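One structure below.
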There are 2 protein chains.
Amino acid sequence: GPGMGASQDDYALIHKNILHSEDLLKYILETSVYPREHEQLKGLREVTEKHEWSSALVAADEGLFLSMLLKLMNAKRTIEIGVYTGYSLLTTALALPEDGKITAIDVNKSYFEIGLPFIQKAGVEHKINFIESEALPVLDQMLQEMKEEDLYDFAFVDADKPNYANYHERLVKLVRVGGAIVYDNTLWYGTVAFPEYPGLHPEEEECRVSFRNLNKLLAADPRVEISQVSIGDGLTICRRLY
Amino acid sequence: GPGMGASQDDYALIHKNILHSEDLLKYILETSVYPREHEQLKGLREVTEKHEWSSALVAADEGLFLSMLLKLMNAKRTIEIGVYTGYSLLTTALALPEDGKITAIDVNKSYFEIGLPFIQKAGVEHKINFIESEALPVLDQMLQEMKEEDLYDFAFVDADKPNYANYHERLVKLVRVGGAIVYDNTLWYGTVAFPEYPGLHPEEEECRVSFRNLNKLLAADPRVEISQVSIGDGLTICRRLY
Ligand SMILES: Nc1ncnc2c1ncn2[C@@H]1O[C@H](CSCC[C@H](N)C(=O)O)[C@@H](O)[C@H]1O
Ligand SMILES: Nc1ncnc2c1ncn2[C@@H]1O[C@H](CSCC[C@H](N)C(=O)O)[C@@H](O)[C@H]1O
Ligand SMILES: [Mg+2]
Ligand SMILES: [Mg+2]
């Protein structure tokens, strides 16, 4: 629509961190992440750092954490909403068993094709079913076709932030009981801690209010148990109770 | 020497945090933690906040995360090293199924008896086997007696920080394959990011050096896969590979 530009350069928050020490974040990456990062994940991350929407790339220390959660809960079938160049997708495919299956949804296939060569070299492309679409229609169609035996073990939500609450209503019905839903960026550069935050691009302000709404909603939702973790840009782990 | 003894008043790092601001940490606790905190946990926390070593009390948001970790991996047998007043121990007991069993080890039972009224009121004292002892002799005796049927699903290490590497050699054999070992305070107030750090208490400087060595050791240990998480004072999750 007509109006102002919504490029990455038009944002204000991209360089802000939720950790107060830039030396600490680099320590975590250099000490505990990069030595454990897959060769193809390193290649995908380095090309993505050059991309015009590099700020959306999931943090590498969060990637190792998502892989740990997948292995500890022995997830076999997952769904990812918001693929971009596919770092968390490749992280998920490497963590799942050899017969693991992933449904990856993103409106932009061109982003996915940048990281697909690294996904192929890692030899886990067969686990991924990419759907070039808006997520909400795909989710709604799934609820009409999904049976209880094929419910997802794990869901990673990382697409358009203001739509998280809408995705939530479908995903607690598409994720198995005891499964996990992980919402990315639920701390939104730390701006969620304030009733008002000046200097924001209108889209960043929308997610500040939408995440402040979502965090209250998730803390009051009886269908799930939650855990908000201050890793990366913040994330909220949801475990379905019924 | 003789006197009033050791106080956390003599430590330099008690008022530090890894997050960007105190407001961000306060937002997480009030939005995402306190409405999800068991009443007996809040009672245990509020008494412990007035104790003379309240700086060692595990963070409340980290507690909910350990609970989520125990539930997603369906842990049944766990072991805790360092109980203090028992906030993480209570968080563990409430997360495990009704037939869950915990081996809790601490040198000080007087700290544990501060929290045992809350554990009993929660109705989960039957899951706990407290052992007042130094942890290393107990673990060593476990390795001569334990069989494969008694291996632990989960281990939480939160005791004397310089002994973590020694605990690691025992716990990679006491935790089952695919089980989790979680080491607390592996970021040590952010001091691990620096090769030198001024004005630390000798014990505080002792743990900065030991944690910089342990973080390098865990990242190179081929027996486990790791994930360092910037929650609370930083923790490292280790999943046993073989
Ligand atoms: N309505 C929508 N439905 C599905 N995907 C959407 C969407 N709106 C935006 N997206 C996609 O969601 C992505 C968010 S960036 C996600 C980053 C990725 N998960 C990683 O690990 O790095 C963008 O690529 C964008 O194309
Ligand atoms: N060598 C040792 N062996 C076993 N426990 C020890 C120990 N040295 C110290 N400890 C215990 O480890 C505890 C560390 S404080 C632990 C905090 C607690 N886990 C929580 O959830 O808040 C102290 O209470 C101390 O009594
Ligand atoms: Mg994200
Ligand atoms: Mg601790």
> Counting partner chain Cβ atoms within 10 Å of every residue's Cβ in A:151-162, what's the average?
Replying inline: 0
> With each pseudo-label sitting 7 Å past Cα toward Cβ, what's the A:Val47-B:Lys147 distance in nm, one decimal?
Replying inline: 5.4 nm
>> Please list 3J(HN,Hα) in residue order for the range B:85-100, calculated via the Karplus relation 6.51 cos²θ - 1.76 cosθ + 1.60 where θ = phi - 60°; whole Hz, with x for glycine and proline.
In response: 7, x, 5, 5, 5, 5, 4, 5, 5, 5, 7, 6, x, 4, 9, x
>> Defining the label point at 7 Å along Cα→Cβ, can you sort the distances from B:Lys50 to the same site in each other copy, shortest first, in nm?
In response: 6.2
>> Please report the net charge: other residues with Cβ closer than 12 Å to the Cβ of A:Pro198, K and R +1, D and E -1.
In response: -2
> For B:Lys101, which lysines qualify as cross-link partners when the Cα separation must be under 17 Å and same-chain residues fewer than eight apart are set aside?
Replying inline: B:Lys71, B:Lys76, B:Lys127, B:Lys147
> Taking the label point as lying 7 angstrom from Cα along the Cα-to-Cβ axis, what are the distances from B:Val177 to the corresponding position in the remaining copies, in ascending order and in nanometres?
Replying inline: 3.2
>> So the label point goes 7 Å from the Cα of A:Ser21 along Cα→C-beta, right? Which residues of the range A:214-242 then have their backbone N under 20 Å from it?
In response: A:230-234
>> Connecting C-alpha atoms closer than 10 Å in a GNM of chain A, tell me which of A:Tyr34, A:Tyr197, A:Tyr152 has the biggest fluctuation.
In response: A:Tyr197
>> What's the minimum Cβ distance from chain A to the axis relating it to B, in whole Å, and which residue gives it?
In response: A:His20, 1
> Based on the mean of other beta carbon atoms within 10 Å per residue, what is the order of B:65-74, A:52-61, most packed first?
Replying inline: B:65-74, A:52-61
> Just counting partner chain Cβ atoms within 10 Å, what average do the residues of peptide B:211-220 show around their Cβ?
Replying inline: 2
>> Could you sort the peptides B:84-94, A:185-195 by per-residue average Cβ neighbour count (10 Å cutoff), highest mean leading?
In response: B:84-94, A:185-195
>> 5 Å is the cut-off here: which amide hydrogens, built 1.01 Å from N in the peptide plane, fall below it relative to A:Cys238, excluding neighbours closer than 5 in sequence?
In response: A:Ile181, A:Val182, A:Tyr183
>> Averaged across A:188-194, how many Cβ atoms of other chains sit within 10 Å of each residue's Cβ atom?
In response: 4
>> Counting other beta carbons within 10 Å of each residue's own, what order do A:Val177, B:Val182 fall into, fewest first?
In response: A:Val177, B:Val182
>> So for chain A, averaging the separation of alpha carbon pairs under 8 Å that are six or more residues apart and normalising by length, what relative contact order in percent results?
In response: 19 percent
>> What does the C-alpha gyration tensor say about the overall shape of the range B:18-240? Classify as rounded when a/c is under 1.5, otherwise prolate if a/b is larger than b/c, or oblate.
In response: rounded
>> Let me check I've understood the local charge: for A:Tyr242, count other residues with C-beta under 12 angstrom from its C-beta, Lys and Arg +1, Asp and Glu -1. What total comes out?
In response: +3
> Shape call for the range B:68-163 from the C-alpha gyration tensor, a ≥ b ≥ c root eigenvalues: rounded (a/c under 1.5), prolate (a/b greater than b/c) or oblate?
Replying inline: oblate
> Is the shape of the range A:201-241 rounded, prolate or oblate, going by the alpha carbon gyration tensor and its root eigenvalues a ≥ b ≥ c, with a/c under 1.5 for rounded and a/b larger than b/c for prolate?
Replying inline: oblate
> So which GluC sites (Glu not before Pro) in the range B:167-242 pass both tests, a DSSP loop state and at most 13 other Cβ atoms within 10 Å of the Cβ?
Replying inline: B:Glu196
> Suppose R0 equals 30 Å; then what is the FRET efficiency for A:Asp140 and A:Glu113 from their Cβ-Cβ distance, rounded to the nearest 0.05?
Replying inline: 0.70
>> To make sure I understand the rule: partners must be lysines, Cα under 17 Å from the Cα of A:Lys161, and not fewer than 8 residues away in the same chain. Which ones qualify?
In response: A:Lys216
>> With the label 7 angstrom out along Cα to Cβ, how close does A:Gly1 come to the same site in each of the other copies, in nm, nearest first?
In response: 7.5
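Since every read-out is calculated from the coordinates, none of them should be taken as a lab result. Neighbour counts are summed over all protein chains in view; Cβ atoms, including those assigned to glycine, are modelled from backbone coordinates with ideal geometry.
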